[PDB]
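Working notes, structure below.
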Amino acid sequence: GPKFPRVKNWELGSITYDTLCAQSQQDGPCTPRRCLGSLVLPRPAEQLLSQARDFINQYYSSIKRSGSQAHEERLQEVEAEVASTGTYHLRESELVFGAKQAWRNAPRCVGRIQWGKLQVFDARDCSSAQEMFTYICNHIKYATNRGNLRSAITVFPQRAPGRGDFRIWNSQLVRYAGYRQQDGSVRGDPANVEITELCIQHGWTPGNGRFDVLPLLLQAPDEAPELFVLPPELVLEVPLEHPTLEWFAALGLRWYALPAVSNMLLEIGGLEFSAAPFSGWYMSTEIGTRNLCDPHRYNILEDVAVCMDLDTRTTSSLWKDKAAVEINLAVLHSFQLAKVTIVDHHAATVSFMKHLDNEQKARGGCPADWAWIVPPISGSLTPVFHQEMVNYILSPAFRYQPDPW
Amino acid sequence: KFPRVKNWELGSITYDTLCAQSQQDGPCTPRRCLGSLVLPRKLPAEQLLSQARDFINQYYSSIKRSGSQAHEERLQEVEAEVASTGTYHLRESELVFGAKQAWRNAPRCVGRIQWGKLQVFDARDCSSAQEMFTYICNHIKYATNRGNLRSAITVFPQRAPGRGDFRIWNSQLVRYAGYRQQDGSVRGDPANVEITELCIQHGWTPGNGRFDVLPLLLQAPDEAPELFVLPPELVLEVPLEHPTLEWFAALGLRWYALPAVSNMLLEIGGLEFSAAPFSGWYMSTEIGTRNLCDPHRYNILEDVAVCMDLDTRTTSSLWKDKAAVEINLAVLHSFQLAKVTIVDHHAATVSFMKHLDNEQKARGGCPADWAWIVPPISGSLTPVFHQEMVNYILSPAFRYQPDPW
Ligand code: HEM
Ligand code: HEM
Ligand SMILES: Fc1cccc(CCCNCCc2ccnc(-n3ccnc3)n2)c1
Ligand SMILES: Fc1cccc(CCCNCCc2ccnc(-n3ccnc3)n2)c1
Ligand SMILES: C[C@H](O)[C@H](O)[C@H]1CNc2nc(N)[nH]c(=O)c2N1
Ligand SMILES: C[C@H](O)[C@H](O)[C@H]1CNc2nc(N)[nH]c(=O)c2N1
Ligand SMILES: [Zn+2]
């Protein structure tokens, strides 16, 4: 056989070899001695030029003008630009290409079948926090599109030598408040206690509900962040009801439509875009299993099981399994009823296999994080469970970055 | 620089420093992570000697005698025997220690809380297929124990540089036949088509049901394997019914009580035992989810869905998830009613968490394969989902080896 990692599908018996991974410049957490793939937190002078060069080569290949005059001049242009300023800038269409390619490269995203259809908003002219808010609102309105959801990213100015970053402080554009109680419990989402307390320390008047939408804390270079409240009619939400358990609607559960990640760094050709929120549409277990059922999130499993009258006294009743199923169904059903785009874990992983097969033909491999791609309920029921995956970092990339506080 | 292992539900952090004792490489390297592969790709005398000394050291340490007369004299014994013969032999109590330690070290086993309670049968004085059979029968009898199962291992004679290995050709001691139909399909268990064909060809008379227990092919060194039918009365089986779905028993489903792995190689102190079958008791998802719902196994999810009257025509009705849940319920109910030891995936993973904790205290870590430990349904509903894990190879170890045909 060839000298590349052999990849196997155990449902179908079919083999592939990943040859893409040879183009991995940046290393991962693993050595020949121990496997750190399950761990969730994955722990320039001439160094910029070589990343830039390599990026410009990717751009040129993808437009098939590799080795052209236009290619060799762009490289010279980037040399010279780095030469006199320490940095360089991307052509509009270089940024569009880099953004889709960052998405294409993201090992943990299961929606990558869609990678080619990404609206890139170019917001590198933005010069204030107020202006970031407008751009974000535009993003929300465009991506939400009354429930007919549309992938999009907005790119604010790149990190710049010595001058401070644009940062959105919130981890998503839509997030519910988490209020620490005297009894030590939390009202709302325990995931958001810190950013809740920061919004208050920064003058937000806090509600006290279970599903208060957070204000955005936005930060322009070298300035304190500023608070912006989203006008409620921009933030589309779905009340959760269950197609047959009539009492589930009485639980007053809801979820927002737009999943928009706002604290990741987009790295292109060595340039770093510290503020570059992106959004897709939800895969249903992100809501019905993680957000509503994690013990450290809303944790509603016992409540739903009690209403369903299950024996919550014994693990072997499978009461957790039954409640989780019904919560996922409710989420699916309610987004359907509301006409808000959503995808179940079956449809999603099926499309993601199609994705793998496309990338196998197009680039000879596809970096994929098995733990993240396999859904949190019904694992071996989906085809990705039976698919081996190779995980590696390719650039352009979306990367985590330290919280700005 | 050591592995920092974090729990994402409780927020607590440990350090694995046990992996420092890993001598053998896993499928991973800096540039690409390979940990979701089922088979990692590979499937003088001082080498053997340092493995021996090392194991001998582990043993004496275990019994708190590390520097005794007994210790130094055992090391010279080992040394003298290797120098003169290129090999050596284990004392029965070292074997007992080695086998428990191989189980303890198995990264994929969720049952390791039990590791200290392992009945070890020394069958190293075996010399023919017939002797193998007798010992295998006593194993089954002992381990089965009328349904109150007990962990056991029987160890046949070690590989010898000279000659062919003792092998059990079956991958499990109890396995159902899979008969290929001239029209594509398989009657019985599709995972066993090959071993079913080999049995017929070495002259067994095949049945034609969905649940025909296979004979064993046992092979003494350099001989054609021989066929031994297990006497029905040793093979305890549990017919499947559901606590409330009355039609479910009509499905004529059943499964065997004894889960016994017979194709793995046991490596102690550099010695290799190519026939060393072991058994515990099932975790229910192995049967309810994988064996009966894998598409390429009994694949019964649609039949059940249709009896439950579900909307089969759409993924988003979650028909697969519902059916799977009841099928797993049926398995637990049925083993409980037959009074046959079983553990559901919630109890099992809770006890594996306790295990990691004991192991942290006792050894500074525990090798674990996240993708194997996390069950095939209801992942994030179990605490192991939320727990980071470090996979690495310690010896003594259970290993895969080539099929002997
Ligand atoms: C189009 C619909 C999309 C679906 C269904 C989807 C699905 C997912 C899911 C389920 C995850 C893992 C979330 C988690 O458990 O934390 C994920 C991660 C990710 N997605 Fe998407 N995604 C979509 C669109 C996008 C877009 C438009 C981008 C960027 C342009 C993107 C980039 C990412 C990245 C970077 C991650 C990993 C984030 C992390 O490590 O926390 N996705 N995706
Ligand atoms: C006491 C009850 C036990 C339970 C509940 C249990 C549970 C499990 C489970 C769920 C797996 C993964 C199985 C699969 O998906 O193929 C596994 C694998 C394994 N178990 Fe156990 N186990 C038990 C006893 C034992 C014993 C007695 C040994 C050996 C002495 C053992 C050694 C292993 C090994 C070596 C593997 C890896 C098998 C492979 O790679 O295919 N287990 N165990
Ligand atoms: F504290 C932490 C450290 C590292 C990862 C973590 C997981 C949260 C981030 N996962 C992204 C979740 C998320 C939310 C909304 N939308 C998306 N999204 C949008 C498009 N594709 C994915 N993804 C926590
Ligand atoms: F192609 C392959 C080659 C080797 C292993 C594979 C995985 C399946 C076998 N894993 C063990 C299954 C199994 C069955 C019964 N019992 C146990 N068992 C008993 C105690 N602990 C686990 N384990 C595929
Ligand atoms: C320890 C483990 O890596 C952690 O729970 C992971 C598992 N798989 C995941 N998968 C997705 N999609 N998202 C996550 O946050 C996680 N968390
Ligand atoms: C490709 C993937 O690693 C493969 O499906 C694994 C995943 N996890 C598993 N986990 C267990 N316990 N048993 C298995 O057979 C598998 N199969
Ligand atoms: Zn790895």
Side-chain angles (χ1 to χ4, degrees), chain A residues 29 36-43 96 98-121 139 143 149-155 170-175 191-192 194-195 255-267 276-287 289-291 294-297 341-345 347-349 351-352 355 368-377 379 384 393 396-403, chain B residues 5-9 11 35 368 370-371 373-374 379-380 382-390:
Chain A
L36 256 24
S38 103
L39 311 239
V40 156
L41 238 37
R43 268 152 43 256
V96 173
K100 299 173 166 171
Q101 199 70 8
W103 185 11
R104 193 189 190 181
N105 287 352
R108 283 162 170 188
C109 178
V110 74
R112 281 175 288 159
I113 190 57
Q114 287 301 141
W115 74 270
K117 295 156 103 172
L118 174 67
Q119 192 45 57
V120 182
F121 296 116
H139 190 129
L149 260 47
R150 285 189 302 204
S151 294
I153 177 159
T154 296
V155 186
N170 312 53
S171 76
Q172 310 176 32
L173 303 173
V174 192
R175 281 275 67 178
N192 295 319
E194 166 138 45
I195 180 72
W255 207 262
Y256 51 93
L258 191 74
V261 168
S262 53
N263 67 165
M264 286 185 83
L265 189 137
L266 172 61
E267 179 269 319
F278 57 89
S279 60
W281 51 73
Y282 260 117
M283 200 224 329
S284 65
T285 67
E286 269 172 298
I287 308 176
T289 310
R290 304 304 314 280
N291 294 357
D294 277 1
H296 51 288
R297 299 288 303 286
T341 317
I342 186 145
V343 69
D344 71 72
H345 53 288
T349 48
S351 85
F352 182 81
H355 179 70
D369 188 344
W370 194 92
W372 287 61
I373 299 289
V374 178
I377 50 154
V384 293
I393 287 149
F398 289 113
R399 284 177 216 296
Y400 299 132
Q401 44 175 345
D403 288 311
Chain B
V5 198
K6 177 154 158 184
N7 186 301
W8 289 96
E9 174 196 343
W370 195 92
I373 293 295
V374 172
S380 71
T382 64
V384 294
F385 186 98
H386 296 285
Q387 181 59 59
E388 289 178 357
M389 292 176 211
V390 198

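Computation of the quantities below employed the complete heavy-atom set of this structure, encompassing side-chain atoms and omitting hydrogens, waters and symmetry-equivalent molecules. To find a chain, count down the sequence lines: A is the first, B the second, and so on, and within it residues start at 1. Note that ligands are numbered from 1 as they come in the structure, with each ligand's atoms numbered from 1 the same way.
Residue A:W281 places no heavy atom under 4.0 Å from ligand 3. Not a single heavy atom of A:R108 sits less than 4.0 Å from an atom of ligand 3.
Put simply, NZ on A:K117 and CZ on A:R150 are 12.5 Å apart, with the number rounded to the nearest 0.5 Å. Rounded to the nearest 0.5 angstrom, A:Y256 OH and A:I287 CD1 are separated by 7.5 Å. Here the straight-line distance linking atom CG of A:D294 with atom CH2 of B:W8 works out to 12.0 Å at 0.5 Å rounding. Taking CZ of B:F385 as the reference point, atom CD of B:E9 lies at 11.5 Å (rounded to 0.5 Å). Between atom NE2 of residue A:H355 and atom CD of residue A:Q114 there is a gap of 10.5 Å, rounded to the nearest 0.5 Å.
Among protein heavy atoms, atom 16 (N) of ligand 3 sits closest to A:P259 CB, 3.3 Å. At the shortest separation from atom 21 (N) of ligand 3 among protein heavy atoms lies A:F278 CE1, 4.0 Å. Scanning the protein heavy atoms around atom 17 (C) of ligand 3, the nearest turns out to be A:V261 CG2, 3.2 Å. Protein heavy atom closest to atom 10 (N) of ligand 3, with residue, atom name and distance, is A:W372 CZ3, 4.3 Å. Among protein heavy atoms, the minimum distance from atom 5 (C) of ligand 3 is reached at A:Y400 OH, 3.5 Å. From the protein, the heavy atom lying nearest to atom 4 (C) of ligand 3 is A:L41 CD1, 3.6 Å. Closest to atom 1 (F) of ligand 3 among all protein heavy atoms lies B:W8 CZ3, 4.0 Å.
Which parts of ligand 3 touch A:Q172 is read off a 4.0 Å heavy-atom cut-off, strictly below it: atoms 14 (C), 15 (C).
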Problem set entry | side-chain contact (heavy atoms from CB on, under 4.5 Å) between B:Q387 and B:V5, worked out | CA-CA 8 Å; B:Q387 181 59 59; B:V5 198; 3.7 Å; yes
For this session: Show the numbers, then the answer: is there a side-chain contact (heavy atoms from CB on, under 4.5 Å) between A:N105 and A:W115?
Result: CA-CA 9 Å; A:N105 287 352; A:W115 74 270; over 6 Å; no
For this session: Please assess B:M389 against B:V384 for the test side-chain contact (heavy atoms from CB on, under 4.5 Å), listing each intermediate value before the final yes or no.
Result: CA-CA 9 Å; B:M389 292 176 211; B:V384 294; 3.7 Å; yes
Exercise. What do the steps show when you test B:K6 against A:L39 for side-chain contact (heavy atoms from CB on, under 4.5 Å), and what is the final call?
Worked result: CA-CA 8 Å; B:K6 177 154 158 184; A:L39 311 239; over 6 Å; no
Quick check on ligand 1: any N or O pairs to the protein under 3.5 Å? One line per pair.
from	atom 1	to	atom 2	distance (Å)
ligand 1	40 (O)	A:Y400	OH	2.4
ligand 1	41 (O)	A:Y400	OH	2.9
ligand 1	42 (N)	A:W103	NE1	3.3

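Distance check for atom 19 (C) of ligand 3: a protein heavy atom is found below 4.0 Å. At a distance under 4.0 Å, no protein heavy atom can be found next to atom 12 (C) of ligand 3. There is no protein heavy atom less than 4.0 angstrom from atom 24 (C) of ligand 3. Within the 4.0 Å cut-off (strictly below), no protein heavy atom is located near atom 8 (C) of ligand 3.
Taking 4.5 Å as the limit, some side-chain heavy atom of B:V390 sits within range of a side-chain heavy atom of A:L36. Counting only heavy atoms from C-beta outward, the side chains of A:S151 and A:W281 approach each other to under 4.5 Å.
Ring geometry, A:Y282 versus A:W255: the interplanar angle exceeds 60°, so the pair is classed perpendicular (tilted spans 30 to 60°).
Closer than 4.0 angstrom to ligand 5 sit non-hydrogen atoms from A:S38, A:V40, A:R290, A:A371, A:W372, B:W370, B:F385, B:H386, B:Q387, B:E388.
For the residue pair A:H345 and A:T285, no side-chain donor N or O sits within less than 3.5 Å of a side-chain acceptor on the partner. A:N192 and A:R175 are linked by a side-chain donor-acceptor pair at a separation below 3.5 angstrom, with hydrogens and angles left out of the test.
Side chain of A:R112 to backbone of A:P107: a donor-acceptor contact under 3.5 angstrom is found. Checked by atom type and distance alone, the side chain of A:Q172 never pairs as donor or acceptor with a backbone atom of A:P259 at under 3.5 Å.
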